[PDB]
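Here is the structure we will look at.
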Amino acid sequence: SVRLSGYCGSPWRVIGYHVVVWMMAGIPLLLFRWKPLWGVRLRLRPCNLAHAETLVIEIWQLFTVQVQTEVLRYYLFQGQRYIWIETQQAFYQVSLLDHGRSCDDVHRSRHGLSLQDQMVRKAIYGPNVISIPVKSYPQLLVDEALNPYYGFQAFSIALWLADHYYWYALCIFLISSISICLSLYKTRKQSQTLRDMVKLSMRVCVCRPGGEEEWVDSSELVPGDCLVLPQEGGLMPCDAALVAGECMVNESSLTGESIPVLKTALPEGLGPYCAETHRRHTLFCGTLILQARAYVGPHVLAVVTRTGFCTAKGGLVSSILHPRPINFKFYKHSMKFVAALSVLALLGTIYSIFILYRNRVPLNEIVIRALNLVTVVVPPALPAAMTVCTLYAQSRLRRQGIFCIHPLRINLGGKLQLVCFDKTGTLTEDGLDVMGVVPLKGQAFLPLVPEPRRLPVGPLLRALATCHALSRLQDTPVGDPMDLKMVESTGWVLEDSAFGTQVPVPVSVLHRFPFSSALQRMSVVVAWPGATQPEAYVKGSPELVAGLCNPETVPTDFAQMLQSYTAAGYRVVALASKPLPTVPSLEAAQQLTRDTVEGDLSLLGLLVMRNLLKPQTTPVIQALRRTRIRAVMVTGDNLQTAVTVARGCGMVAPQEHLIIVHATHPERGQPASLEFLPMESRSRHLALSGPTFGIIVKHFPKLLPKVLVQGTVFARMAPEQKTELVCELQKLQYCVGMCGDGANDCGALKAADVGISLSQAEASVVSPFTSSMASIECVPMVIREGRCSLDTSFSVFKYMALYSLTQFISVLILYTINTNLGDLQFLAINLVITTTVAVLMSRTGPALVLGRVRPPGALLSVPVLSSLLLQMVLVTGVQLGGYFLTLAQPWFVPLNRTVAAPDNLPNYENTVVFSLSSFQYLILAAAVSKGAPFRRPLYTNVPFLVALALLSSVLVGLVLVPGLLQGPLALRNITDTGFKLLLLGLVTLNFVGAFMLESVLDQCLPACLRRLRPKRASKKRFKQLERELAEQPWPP
């Protein structure tokens, strides 16, 4: 859903808008930066899109986009270019200009592109540059500092300068500048990282039509141009389809896979070109071409399909630059909470005005001091503290091996209620492994041998070690992981082809028949010194190989045992051999036909190779299931294999039931039918394929929510189906995590609320969350860090509120008696104590164990608001007790009410209130810092503990030892010592009361709230569905 609105230019309206906004006030600019639709409507006049000079885009969010003309009228929205099609009278994305053209069109453009036609297509498509818009420091400062929060901070600096509070104005300016510098640091870091990541400039030879070859810069490429690649290979500058030749490509920079992939020439045909259907033929921008072979012609040719942001790397970089806004509002009723604090602030302000009038202070000073009191509850350090929290979260994850490109996405980790896991690579080992081999003795299968190394030397061992199609590239075996795994299992070393015994003669490959997808098998011709005649070894599908084998060799237990292996999630391949009476020689064996070798075999043994589960998978799955976080396995593999892995990793514990949901296509004469297939070894899981999922999505919208709620295994799903599944689960107000490492999981990881990729680098682009570890242990780490981040940000907001209300009460108490909190005392409180403690509060890390209780999501919660109100009650009580206790002292002398502060400073009332409140800031900071369930205990934070200890020591020095900082801070020297001990006892009483109140609330109050008002329901659609299914189970 996108809406456009073309606005043609007009000078008089623009100059009128300019003068009105500039001269009238700054409020219109604020409401425009809040609601820009009114601003653009006033500034510029709506008109026909064909006459647009400045568009408006809605997606609901508003962007305004200039239109540029070159005659080509184009604009750029979020990197992508849209051009003015005159015939269609619309703006079409250049990503779809040649979309749909067939492979024959690509092979026709193979000859290249005319230089003039290249020039026009470069005007259309733009340069082949993923240009990250870098901003200068003045531009970044303007973008940051013009926040209305910093505007209010500057206004407050003006008010405090007016009241001759120079030190406090300097404090506010320093804290605001620290906030701005932190924002600049993070923003410029991210931008520079992106720029050096996409930096790319090369000279690539392009095949100009007419037979000549042209060398241009990398940015000169346009779609439809023909590249020629170096025979040794290089880096890929564009997104091209391979038309002639083959090449090794290392797609780790794009996909994250380190293995070399075969990229072959595009198959000629009348089918539309697709980067996904023809992926094996498509070269991607940013990948590495290890080598290129020109089997036909003199050079390897590729034809450019996508340039700039159109490429896959361009799409990923755009998704990083313009991320989809986070759906979750973690701070539910944040505006209501801020208004609930602001009504208390307004009551305090009206009381301040009343008492200031009652103190007979001039009206100008009344309004100045009321404005200062209002500015008190807008803490300068709130943005700094809130950015520091996310910076610490990102640092903790990075030290754990988890990298996030959007640190605000971390809080979504503590909101996760469901995590989807791709099976292979993520839950199971990346490839198959040798669990056993099944030799024969005549017509009887021998017992399984776990390791093939100790098998006696013979035709079966040689078939295991030799019947393959390996090719030693760079002294490294490459090819089918099937073959690589079996040959490394045999222990024989590759050296046509010869093999050396691990510890017993070397064996040579006289001839080799390469594997074919249609044949389900392959064969070789093999001889060794000491052999009377060569032996031909065949490995392939057991059913087909057994037919080629002699019937008197194949045991009758063949079918039953192969089914027994297959049902257990294994993968069985058969090994057969036959003696060839041909003389052992290179020439003689090369003339053997495939039919001769494949026919008349003998069954020597079976090979079983299952995909092992990673050791870390089961503990993580059971830890997530213990936390009541749904573990869903969304795989493209077989359903039986998926179910076996799911039961093995603890997604379906043995006491649980698993129902396989099967859906029949609505063929002619009948509708679509759902049938449920129960199987034997919250407690009822469903297993269904991709076809079944699509059938249910189309024809069964009523039963789809229940399937999604109690569906655990999702096998045989295509990547579009994985993305659809993630979206459908999110439609039930799940917070879905996706932990697929694969490249095919790209859409699901982009769609999911938390998308984690397992084996990546520091600079990976595949998903918002990337990890370096191969195990799914990064998922509980992300969840623990997200819960810690949510708890930490809640504690920081609570401390900011408590902070602010405490200082507000102190200023009110001092206003009542016609004094104030003094200049350097504001500086000390707001900078030395509060900013330090607030930016060190968030440094403590997540709890070491994931627990069932979830962090809250409502800032105006009864627990949070009750905590704030009951902490402020005790703060006000302690300060007023201290003030009413210093009055009772005999040495006390009332302040000079005639003058106004700071003229009457130092005075005993200011001294007592400053001392008490300064201790209360540290007390509240320690009180809001909860540990378990979501964080480590407070003392594990050594900077925070050192700050609390040193600041408490400095405050105790201020109270006790005379003459220390009592000159600058303007503290009256209290001679009495029993009174100092009484004040310290009042501070200790407040410190004990704050922690006891926090403990009592945390323990009792949830129980009291549940007993008082049991929740009628839960707003979440999935929880409603879970209760509905408990009432009446759906599959009967």
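As shown in the structure tokens, the chain order sets the letters A, B, ...; within each chain, residues go from 1, and ligands are also counted from 1 in the order they appear.
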
Using DSSP on the backbone coordinates, identify all residues within range 580-797 of chain A classified as strand (DSSP E or B); present the result as number ranges by chain. A: 601-610, 613, 630-634, 657-664, 673-679, 684-688, 711-714, 736-738, 754-757, 769-771

Show which residues sit within 6 Å of range 520-525 of chain A, as a PyMOL selection string. Count only C-alpha atoms, and ignore same-chain residues fewer than 6 positions away. chain A and resi 467+509-514+536-541

Counting only C-alpha atoms, what is within 9 Å of residue 501 in chain A, bar same-chain residues fewer than 5 positions away, as a PyMOL selection string? chain A and resi 491-493+506-507

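Between CA of residue 543 in chain A and CA of residue 598 in chain A there is a distance of 13.6 Å.
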
Running DSSP on the backbone, which parts of range 106-306 of chain A land in alpha helix (DSSP H), as a VMD selection string? chain A and resid 106 to 109 115 to 125 137 to 145 148 to 162 166 to 198

Neighbour list for range 646-661 of chain A as a tab-separated table (two decimals) with C-alpha atoms, in the first residue's frame, cut-off 9 Å, only C-alpha atoms, skip fewer than 5 positions in-chain:
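Dumped everything to selection28.tsv:
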chain	number	residue	atom	x	y	z
A	423	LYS	CA	16.61	-27.89	10.49
A	427	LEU	CA	19.69	-27.57	14.37
A	613	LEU	CA	22.05	-33.24	15.55
A	614	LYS	CA	24.42	-30.65	16.97
A	617	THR	CA	20.72	-28.16	19.92
A	618	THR	CA	18.94	-30.33	22.50
A	619	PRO	CA	19.89	-28.29	25.62
A	620	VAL	CA	18.87	-25.06	23.89
A	621	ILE	CA	15.55	-26.46	22.69
A	622	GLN	CA	14.73	-27.83	26.13
A	625	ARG	CA	10.60	-25.14	26.05
A	630	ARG	CA	7.54	-22.11	21.34
A	631	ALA	CA	10.18	-23.90	19.30
A	632	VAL	CA	9.00	-24.34	15.72
A	633	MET	CA	11.07	-26.08	13.06
A	641	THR	CA	13.41	-36.56	8.63
A	674	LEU	CA	-7.78	-32.21	5.76
A	675	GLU	CA	-6.87	-35.57	7.27
A	676	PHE	CA	-4.96	-36.04	10.51
A	677	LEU	CA	-2.47	-38.88	10.98
A	678	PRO	CA	-1.60	-39.54	14.64
A	679	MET	CA	1.81	-40.94	15.49
A	680	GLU	CA	3.30	-42.76	18.46
A	681	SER	CA	6.76	-42.30	19.98
A	682	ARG	CA	0.87	-27.34	24.69
A	683	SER	CA	1.20	-31.14	24.74
A	684	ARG	CA	-0.23	-31.61	21.22
A	685	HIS	CA	1.94	-30.75	18.22
A	686	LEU	CA	1.11	-30.79	14.53
A	687	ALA	CA	3.35	-31.68	11.60
A	688	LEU	CA	2.54	-30.55	8.09
A	689	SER	CA	4.36	-30.02	4.81
A	692	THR	CA	-0.38	-28.83	3.13
A	707	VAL	CA	-2.71	-25.04	12.92
A	712	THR	CA	5.66	-27.55	15.53
A	713	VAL	CA	7.16	-29.15	12.41
A	1035	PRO	CA	-8.08	-32.44	15.88

If we count only C-alpha atoms, what is near range 202-218 of chain A at a cut-off of 12 Å, once residues fewer than 4 positions away on the same chain are taken out, given as a PyMOL selection string? chain A and resi 108-118+127-130+222-230+233-239+285-286+299-304+307-308

Which residues of range 760-866 of chain A have any atom within 8 Å of an atom in range 328-331 of chain A when counting only C-alpha atoms, and what is the closest pair of atoms for each, with the distance in Å to one decimal? Order the rows by chain and rising number and write it as a Markdown table.
| residue | atom | partner | partner_atom | distance |
| --- | --- | --- | --- | --- |
| A:857 | CA | A:330 | CA | 5.3 |
| A:858 | CA | A:331 | CA | 5.6 |
| A:859 | CA | A:331 | CA | 5.7 |

Would you pick out the contacts of residue 448 in chain A at 12 Å or less, using only C-alpha atoms, so that residues sharing its chain but fewer than 3 positions from it are not included, and give the list as a list in words? residues 434, 435, 436, 437, 438, 439, 440, 445, 451, 452, 455, 561, 565, 605, 606, 607 and 608 of chain A

Just how far from CA of residue 314 in chain A is CA of residue 134 in chain A, in Å to one decimal?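 Interatomic distance here is 16.5 Å.
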
Report as a PyMOL selection string all protein, DNA and RNA residues lying within 9 Å of range 734-741 of chain A, evaluated on only C-alpha atoms, omitting residues in the same chain fewer than 2 positions from it. chain A and resi 256+328+412-413+415-427+634+726-727+729-732+743-746+748-760+766+770+774+776+778-779+1020-1022
